[PDB]
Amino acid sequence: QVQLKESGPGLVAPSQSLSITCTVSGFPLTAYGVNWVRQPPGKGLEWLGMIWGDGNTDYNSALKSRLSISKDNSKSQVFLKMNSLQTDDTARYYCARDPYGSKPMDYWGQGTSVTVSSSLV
């Protein structure tokens, strides 16, 4: 009965900041961890960061400089925020549940396609 849903922009101008909201259901954010994993077109999974039940954060050392993970347990939401985006940041961003101490990332969101471009209309 576990659900995770990412809400993101689709299109971001380069140098701007990306903000995604993972809204979880079917479990408490106070007992479970939530991860951010991205996937560039035709490339592999890249672990971005994680936020433990107790609010503690862990970031990918390569991207730590530009990443921010926060949450609102009462609203059952987790928030990713990434600064000064480039074209290599174009990827599908997934949030997944971490039942830390028992299993690795089990339930995943369907994703959010994020494109960094020369946008229009």
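Note that residue numbering follows the sequence shown and begins at 1.
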item	value
Higher-scoring stretch by recorded Cα B factor average, 82-90 or 50-58	82-90
Higher-scoring stretch by recorded Cα B factor average, 8-16 or 21-29	8-16
Cα B factor band for residue 3 (lowest, middle or highest third within the chain)	lowest
B-factor third for the C-alpha atom of residue 65 within its chain	highest
